[PDB]
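Asker: Could you have a look at this structure, given as structure tokens, before my questions?
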Ligand SMILES: [Cl-]
Ligand SMILES: [Cl-]
Ligand SMILES: [Cl-]
Ligand SMILES: [Cl-]
Ligand SMILES: [Cl-]
Ligand SMILES: [Cl-]
Ligand SMILES: [Cl-]
Ligand SMILES: [Cl-]
Ligand SMILES: [Cl-]
Ligand SMILES: [Cl-]
Ligand SMILES: [Cl-]
Ligand SMILES: [Cl-]
Ligand SMILES: [Cl-]
Ligand SMILES: [Cl-]
Ligand SMILES: [Cl-]
Ligand SMILES: [Cl-]
Ligand SMILES: [Cl-]
Ligand SMILES: [Cl-]
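Chains as they are written, first to last, in the deposited numbering: chain C, 1 to 110, 131 to 282; chain A, 1 to 107, 131 to 282; chain E, 1 to 107, 131 to 282; chain D, 1 to 107, 130 to 282; chain B, 1 to 109, 130 to 282; chain F, 1 to 106, 130 to 282.
The structure is reproduced here in structure tokens:
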């Protein structure tokens, strides 16, 4: 049967829950996960890239801040088509990786965070602030954030709150240079997230001024899961990362094996 | 909503209107425009290449000859879908570029010609089976658009029953390929893209200037001799080599400067 | 008109019928064929690779063993759409290539076998979850086509109910994958492609020769022993490694010669 | 006149003194600095790589921890030969880069640009010889030190190798010790030694480099109370890095492609 | 016996004497000459690049203007060591290449032009104007010119002319943004050239103003081989090219075979 | 202290003593050994390449035929300088690699042969001027070391006055190149490396087997027929193509596995 042309961009929010796990997590990512991934999808993924997270900002834990990276794929077909489940060579993926990322607890005793994998169209749906910004305008602190309203919250209500209450604070903040948003494609993989936003600042101080201090003006919604914006349960209903404009890890173009420092 | 699979090849005819602008324009192209472009379309353009123009031949001005290059994209989706208007980072584009290319005067300019085509030539009119072993080609790519008021079917018939036979009859001409421009994509005023190969510039001139003198001047002619169309407005062209080193998705490594 | 999005993987079984032809065939493949091919399909083939065959195993001749390589393409559109027949530059193709590969005798031919598949295996029949860390594979890729007049459903039933269970039972076999050939694309006489992994040639022989002796000879058999099909006409194969250096769209840098 | 074949590895310790500068510094490094650099030295530098620093560990400030990266060059000739001063195209280098790296204080003390030349091969292998990549991920702590003015270099060397290295050797958390003398003849670098000291992770680093080092006596020349006893960023610099970098610039750079 | 470490940069001035030869010449260079060359010297040449010439400027013929390109190598050893004469595979080199480049004259296809292959140190020896210029300062029209004084002229006399009379005009011209020079290594291959200069302008009009109009003030030297500057026999005693800052033909890095346009 | 500029080409002759070891050995070479090696010497090795051997020809066993590959390095400094013994990361090297290559039994062990040479052949003894346009070569690279007690000058004279003339006389032999091994580097037992080109395996056999029967057996002979030297201990060889896809500093992109 036919395969549907379904061009999409996806984002995975990859945390590292202790600095002691960072070397092992990073090794697995770059030594094992890259080649396993390229091996599988080279023919129908046009871009596969990692954007390391900037250092977690103050109060970033409240925004489900991914301490390792954003992982980005651009697909030509849906990875969730059941026909794609069959692979000659499966990826090497031990449960330790889930520990390092905080999806499971480290050691048996006798609180895990979900794997958030959000599919989007390849083009942002809403260009809300900063249209026409070029790279010549300077370095961006790009805060990418995904949010999913809690169970029982009417999605249209949440949408209206986001666009009529939250975004206007971003608009008013001269520190914020760009606001972009897309609806998550929920029909692909059942992701609990509803929106992905990207909100740019000059720097971490700008991010804090706007996302912590200016947001104190919002009323706390009745559905709030924490006392302050984003009012959503960290890592479950909100995830985020701040990233640079450029990554060296444009993996289909730039990977040459796991060469080690002398 | 869905995005339509629309594989296409497009050509842009990039002029340079003064030799004094060449270094500036070339810098912008290779230093600024390449990375902005790749950044935007890497996920849905499978090839992005520049073919620098050979030196403008004698009378080339009358064919809307692009003195810089042909820019070539191979798209998997239509770049003119309105959803594709949104971009996180927009291209760095000094208005001087439009002066360099002749779109606006320094103080009528020539239009920006961006023609979409199917990926495969629609008509193979001379030289089927030619291989690269057959030798180096002087490849003359030309796009034409009939003036307002000219019936497109009339124009087509003229092109294929009067112009193409002169190409076919010339031993100097080794290949003739043609496609209709996909007018539905972006409103391009061109109607056809032809590619016409010669051994060399002398061959090009022999056929495109001397042999074409036998044509009758059409009633809609905008200039006295073939192509009978307003240079840069209703005809644009470039002569290029078989190979370019600027296969930009594969070969670009940053703007490295000479020592 | 539109072009259909048709993601496919194809395999070509490339033999070398005499060791004396190896240097010449290998030169054409790597010096001439690669650049001609990339030139034609770069915009719509996302992967183009050669997997050189391991040395022919004992009795491998009975399996139509390709003594040069498997050639693998990943297509976004069907290469057999008649619009794709037109090419600016055709491939340089000496008729001797056909002699080297055995399609024509040098002064009975074997057919050129070019099988199109979906990009993902349709059937995972042994070894699901095997990773590269589990060790090196001897990957025996085999394509079969039942003879004229054999009901395709009865061949399929034999394959999956008689042959595959022997593979499933053998500890020497670590993986069994299978897909139906897309016969609508190019009229390929093959019906299935299977890939069957072993640790090594000895394992392959134990299973594909010794264990298969237990099969009853089908009424339609074209040879006495499994695969019961005419070598190179109704069965072709190769054993290959997990990795190839010849991932051509990514890795090719011209025909650089040893010093 | 002839040019001397002088194969060397150099290290530059690149700080980032405020998180607010990180985007600008990183952009300049990757967008501006890489192509300028490759333009100049492609014909006589065989490797040019950046190793981004892991997050600064607790007390890392006392070690002159480079919060951006280590910059690594492998040279075939000396960059300090006076003939190499002439270049067709000079680097684009705005003053602000010096603020972002902390060489100039923002409008309390500036820190020096530390650029240490070494032989390409480590001179001393003091622990963990034979370790392979199969043995696991390393937290590689690279540290350069330079004894204060007035301290006899041989006395400093004796202290380093007779007092400090034994503590590293005693710790099972330390898996590797390597050292080379700095080639001070090349560019007058104040540093005297570069060591690389491997751990499994930041907690192992801390246990050894902070807790175990408490056993050392404070030298009479100490510039701070605890090990390394040297003035941060002036007489000691360091970074913890991974085994692998994607920024192997002569092989891997394809221009400054921006996220969509 | 030992091989001497001899880092050098060399330049070859490649002409195309008729436009009708351009497709053939360009094809041989990129389809045949690149792979033959890389095959031979990959282990001891660290950079191999072509800089295509800008369009020949008015009166450029008088400067021995190379209408195809400059070919540039960076060597670690001297290519003229006799031990390097032996090669497993020799280059494919039709005599027609010599016709296309002008080494064999049209007269039977009066005088051919020599193959000029100048070895230099890797670093310019003299920085005569524009020290400190960066790429941010703007696009350069880089006029690279080599000169060799006629037989009979004392090299010190020629050097004195060059510095007393020519260099001051270059330095004084506001249109000239950079002047660099090196002495040709005369001990490598017998090259008849004595100097390589590179002289930058904004554009061809600036090149003309200085190299044609400002040079009209010069007295004709007793040894002149033509009536106006450079006073040297085009293509025999002077060769040149105007080139851009950047080339896509950085062959050791960027070459992927002779891929043809569709 | 200074490091000496010492440009050299080295060759390692890599055997695979059983076909059952081929997948394992090949995997270690390409998955493990490439990255460890590039990691160590990227800054001072300008080329690192593998030339897979053509199928072992008849009687190739008597020439110490390397059934896996030639491994070729171009060095800027001597790898045997004692300062180069120190490495941050040592190569991952399972003892089984010694078994696969035949240095130890799972038969007498065979030594690791690592011959250093100048980067340029010292002697050009037939075929000077041959280009790649002349056609595909079957390149037989052979290294020999005279047995203990044989005067090296005597061996040299026999090589160049008795053996090489037979190669030169044969129309089947198109090229003969030789260099003396740099024995001061690593104490290699080999004395000479020769490369001897043919059109194909049949030509190789005609010359190296049949034509060589005319030689008198030397008094120091270790086997009855040419090469008269102990296979794998005093002679090693491989036949290889002009081109390899395994030009490892340029072409390696990690161990990507077939789908
Ligand atoms: Cl919930
Ligand atoms: Cl509110
Ligand atoms: Cl709370
Ligand atoms: Cl009109
Ligand atoms: Cl007419
Ligand atoms: Cl049949
Ligand atoms: Cl049927
Ligand atoms: Cl049965
Ligand atoms: Cl039979
Ligand atoms: Cl001090
Ligand atoms: Cl102490
Ligand atoms: Cl001409
Ligand atoms: Cl003269
Ligand atoms: Cl004068
Ligand atoms: Cl004159
Ligand atoms: Cl012996
Ligand atoms: Cl004899
Ligand atoms: Cl014997």
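A virtual CB, placed ideally from N, CA and C, is assigned to each residue, including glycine.
1) If the cut is a Cβ gap below 9 angstroms, which residues of chain D does residue 153 of chain B touch?
2) Any residues whose CB sits closer than 6 angstroms to a heavy atom of ligand 6? List them in chain order?
3) Buried or exposed: residue 116 of chain E, going by 16 or more other Cβ atoms within 10 Å of its Cβ?
4) Less than 7 angstroms separating the Cβ of residue 205 of chain B from some heavy atom of ligand 17?
5) Skipping 5 residues on each side, what residues in its chain have a beta carbon closer than 6 angstroms to that of residue 3 of chain C?
6) Is any non-hydrogen atom of ligand 9 found closer than 7 angstroms to the C-beta of residue 61 of chain E, if you look at the structure I gave you?
7) Could you tell me whether any Cβ in chain E is nearer than 8 angstroms to the Cβ of residue 166 of chain A?
8) Residues in the same chain with beta-carbon distance under 6 angstroms from residue 234 of chain C, minus the five sequence neighbours each way, listed in chain order, please.
9) State the DSSP-derived secondary structure class of residue 157 of chain C, mapped to helix, strand or coil.
10) Flag residue 20 of chain B as yes when its Cβ comes closer than 7 angstroms to any non-hydrogen atom of ligand 12, and as no otherwise.
11) Using the three-state DSSP reduction, which class does residue 268 of chain F fall into: helix, strand or coil?
12) Measuring alpha carbon to alpha carbon, tell me which of E/265, E/196, E/198 and E/276 ends up nearest residue 270 of chain F.
13) Is any heavy atom of ligand 2 found at a distance shorter than 7 angstroms from the C-beta of residue 180 of chain C?
14) Just curious, the beta strand (DSSP E) that residue 147 of chain E is in, first and last residue?
15) Which residues in chain D have a C-beta closer than 9 angstroms to the C-beta of residue 47 of chain B? List them in chain order.
16) Along the chain, where does the beta strand (DSSP E) that runs through residue 10 of chain B open and close?
17) Using 7 angstroms as the cut-off, classify the Cβ of residue 236 of chain D as near or not near the heavy atoms of ligand 11, replying yes or no.
18) Comparing C-alpha positions only, which one of D/20, D/91 and D/282 sits nearest to residue 124 of chain C?
19) Does the beta carbon of residue 222 of chain B come closer than 8 angstroms to any beta carbon on chain D?
20) Would you kindly work out how many angstroms separate the C-alpha atoms of residue 207 of chain B and residue 164 of chain B, rounded to a whole number?
21) CB-CB under 6 angstroms to residue 54 of chain C, same chain, minus the five flanking residues each way: which ones, in chain order?
22) Verify the contact flag: residue 145 of chain C, CB atom, against every heavy atom of ligand 2, threshold strictly below 7 angstroms.
23) Do you know how far the Cα of residue 31 of chain C is from the Cα of residue 96 of chain C?
24) Rounded to whole angstroms, what's the CA-CA distance from residue 272 of chain A to residue 56 of chain B? Just pull it up for me.
25) Residue 171 of chain B by DSSP, collapsed to three states: which one?
26) State the beta-bridge partners of residue 71 of chain C as determined by DSSP.
27) Have a look at the DSSP bridge pairing and note the partners of residue 65 of chain A.
28) Helix, strand or coil for residue 164 of chain E, going by three-state DSSP, please let me know.
29) Check whether the Cβ of residue 36 of chain A lies closer than 8 angstroms to any Cβ atom in chain C.
30) From what residue to what residue does the alpha helix (DSSP H) around residue 41 of chain C run?
31) Using alpha carbons as the reference points, say which of A/213, A/265 and A/240 lies closest to residue 11 of chain A.
32) Answer yes or no: do residue 49 of chain E and residue 267 of chain E have a C-beta to C-beta separation smaller than 8 angstroms?
33) Going by C-alpha to C-alpha distance, which of B/265, B/242 and B/13 sits closest to residue 157 of chain B?
34) Taking Cβ positions, are residue 144 of chain E and residue 90 of chain C nearer each other than 8 angstroms?
35) Residues of chain C with CB closer than 8 angstroms to the CB of residue 5 of chain A, please, in chain order.
36) Return the chain-ordered list of same chain residues with a C-beta closer than 6 angstroms to the C-beta of residue 220 of chain D, the five sequence neighbours on each side being excluded.
Answerer: So, to answer that:
1) The residue labelled residue 153 of chain B in the question sits at position 133 within the fifth chain. Within 9 angstroms Cβ-Cβ: 88, 89 and 90.
2) E/170 and E/171
3) Residue 116 of chain E cannot be located in this model; chain E continues from 107 straight on to 131.
4) Position 185 of the fifth chain, counted from the first residue, corresponds to residue 205 of chain B. Not so, every heavy atom of ligand 17 lies at least 7 angstroms from the Cβ.
5) By 1-based counting over the first chain, the position of residue 3 of chain C is 3. Counting only Cβ-Cβ distances below 6 angstroms, and skipping sequence neighbours, we find 77.
6) For the purposes of this step, residue 61 of chain E is taken as residue 61 along the third chain, with counting starting at 1. Residue 61 of chain E: no, Cβ never under 7 angstroms from ligand 9.
7) Residue mapping note: residue 166 of chain A aligns to position 143 of the second chain, counting from 1. Closer than 8 angstroms: no.
8) Position 214 of the first chain holds residue 234 of chain C. For residue 234 of chain C, where only same-chain residues beyond five positions count, the Cβ hits under 6 angstroms are 189 and 193.
9) Residue 157 of chain C sits at position 137 when you count from the first residue of the first chain. Looking at residue 157 of chain C - three-state DSSP - the assignment turns out to be helix.
10) For the purposes of this step, residue 20 of chain B is taken as residue 20 along the fifth chain, with counting starting at 1. Residue 20 of chain B Cβ: within cutoff of ligand 12.
11) Position 245 of the sixth chain, counted from the first residue, corresponds to residue 268 of chain F. The answer is coil: DSSP assigns residue 268 of chain F none of H, G, I, E or B.
12) As a position in the sixth chain, residue 270 of chain F is number 247, starting the count at 1. Nearest of E/265, E/196, E/198 and E/276 to residue 270 of chain F, Cα basis: E/276.
13) For the purposes of this step, residue 180 of chain C is taken as the residue at position 160 of the first chain. No, the beta carbon of residue 180 of chain C sits no closer than 7 angstroms to any heavy atom of ligand 2.
14) For this step, residue 147 of chain E is matched to residue 124 along the third chain. Where residue 147 of chain E is concerned, the enclosing beta strand (DSSP E) stretches over 146-149.
15) Within the fifth chain, numbered from 1, the residue matching residue 47 of chain B stands at position 47. Result: 42 and 43.
16) Start at 1 with the first residue of the fifth chain, and residue 10 of chain B comes out as number 10. Start and end: 8-14.
17) For the purposes of this step, residue 236 of chain D is taken as the residue at position 214 of the fourth chain. Incorrect: residue 236 of chain D has no Cβ contact closer than 7 angstroms to ligand 11.
18) There are no coordinates for residue 124 of chain C in this structure, because the numbering of chain C runs from 110 directly to 131.
19) Along the fifth chain, one-based indexing puts residue 222 of chain B at 202. No, its Cβ sits nowhere closer than 8 angstroms to a Cβ of chain D.
20) As a working note, residue 207 of chain B is residue 187 in the fifth chain. As a working note, residue 164 of chain B is residue 144 in the fifth chain. If I take the Cα positions, the gap works out to 22 angstroms.
21) As a position in the first chain, residue 54 of chain C is number 54, starting the count at 1. Cβ neighbours of residue 54 of chain C beyond the five flanking positions: 262.
22) Against the first chain, residue 145 of chain C aligns to sequence position 125. The answer is no for residue 145 of chain C.
23) One-based indexing of the first chain puts residue 96 of chain C at position 96. One-based indexing of the first chain puts residue 31 of chain C at position 31. In a straight line, the C-alpha of residue 96 of chain C is about 15 angstroms away from that of residue 31 of chain C.
24) Position 249 of the second chain holds residue 272 of chain A. Position 56 of the fifth chain holds residue 56 of chain B. Approximately 31 angstroms between the Cα atoms of the pair.
25) As a first step, residue 171 of chain B is located in the fifth chain; it is residue number 151 there, counting from the start. It is coil, neither helix nor strand.
26) Locating residue 71 of chain C in the first chain gives position 71, counting from the first residue. Residue 71 of chain C pairs with C/12 and C/50.
27) In the second chain, the residue the question calls residue 65 of chain A occupies position 65. Residue 65 of chain A pairs with A/260.
28) Within the third chain, the letter at position 141 stands for residue 164 of chain E. Reduced to three states, the DSSP call for residue 164 of chain E is strand.
29) Here the question's residue 36 of chain A lines up with position 36 in the second chain. At least one CB atom of chain C sits nearer than 8 angstroms to the CB of residue 36 of chain A.
30) The residue labelled residue 41 of chain C in the question sits at position 41 within the first chain. Residue 41 of chain C -> alpha helix (DSSP H) spans 34-41.
31) Position 11 of the second chain holds residue 11 of chain A. Ranking A/213, A/265 and A/240 by Cα distance to residue 11 of chain A puts A/213 first.
32) Within the third chain, the letter at position 49 stands for residue 49 of chain E. Within the third chain, the letter at position 244 stands for residue 267 of chain E. Cβ atoms of residue 49 of chain E and residue 267 of chain E: closer than 8 angstroms.
33) Against the fifth chain, residue 157 of chain B aligns to sequence position 137. Among B/265, B/242 and B/13, the Cα nearest to that of residue 157 of chain B belongs to B/265.
34) Here the question's residue 144 of chain E lines up with position 121 in the third chain. Here the question's residue 90 of chain C lines up with position 90 in the first chain. Going by C-beta atoms, residue 144 of chain E is not nearer than 8 angstroms to residue 90 of chain C.
35) Residue mapping note: residue 5 of chain A aligns to position 5 of the second chain, counting from 1. In chain order: 5.
36) In the fourth chain, residue 220 of chain D corresponds to position 198, counting from 1. The answer, listed in chain order, is 160, 162, 197 and 198.
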